[PDB]
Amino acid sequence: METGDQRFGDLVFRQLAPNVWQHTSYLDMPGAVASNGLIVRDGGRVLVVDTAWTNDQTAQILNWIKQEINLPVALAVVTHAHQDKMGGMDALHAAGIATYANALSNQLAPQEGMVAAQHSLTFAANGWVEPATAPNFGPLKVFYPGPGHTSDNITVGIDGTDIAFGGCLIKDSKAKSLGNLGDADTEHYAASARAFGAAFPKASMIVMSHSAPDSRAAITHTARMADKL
């Protein structure tokens, strides 16, 4: 934790920009494993990227938003069908928040014992989201970079900031490994990491699932590790 970080229950929140916060929840393994997502203010509403590991943690995220921002959550986008990104879907739905995910994530979620988002995003051949499937997304720019950490992983740039969110695709610049590769596409991983970089070429702060925000060297280090697969 750095000066400025707010502890809220077992969750941590860090302001990254005037309208952007990182939310961090932890899965105790019998050490603790962090998972990061984003909260974005867009005028009189809030937008959320990824849930926490569990429903209770995700409800705590909503409680923090209520206390610190006091604006309604318009929608949440979840970036692939693993527990750290969709483990709290039920809490979003109980709150009446519209949820969005890659159509493939929604198709895979039941096979991971999880609940699909209520709306499906689809993507063009170059990876950009089809606009009709992402209505009223404000500053969220959703990009599917290709298979990598999983076949369904998506990424999100925040328009009007220098922030882009790589999810579990991107590792930090001093990472020793690519994290969990159990569902990974080792053939296409490097190209997908680089496609993420090319989609958001002016983002200087890269946010990822399991490390603190890093420079663009997170993207290049990840791609270089993936070259070795």
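Each residue number is its position in the shown sequence, starting from 1.
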For the stretch from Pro30 to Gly31, please bin the deposited residues that the model skips: none, 1 to 3, 4 to 9, or 10 or more. 1 to 3
Using only C-alpha atoms and the B-factors in the entry, which stretch averages higher, 120 to 128 or 88 to 96? 88 to 96
Which has the higher mean CA temperature factor in the PDB entry, 220 to 228 or 1 to 9? 1 to 9
Between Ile163, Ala175, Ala199, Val48, which one tops the list for C-alpha B-factor in the PDB entry? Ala175
Tell me, please, which of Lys66, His188, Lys171, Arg194 has the highest C-alpha B factor according to the deposited entry? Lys66
Among the modelled residues of its chain, the C-alpha B-factor of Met114 falls in the third labelled highest
So, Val40's CA B-factor, relative to its chain, sits in which third? The lowest
CA B-factor placement of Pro135, once the chain's modelled residues are sorted into thirds: highest
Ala17's Cα B-factor: lowest, middle or highest third of the chain? highest
Among the modelled residues of its chain, does the C-alpha B-factor of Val207 lie in the lowest, middle or highest third? lowest
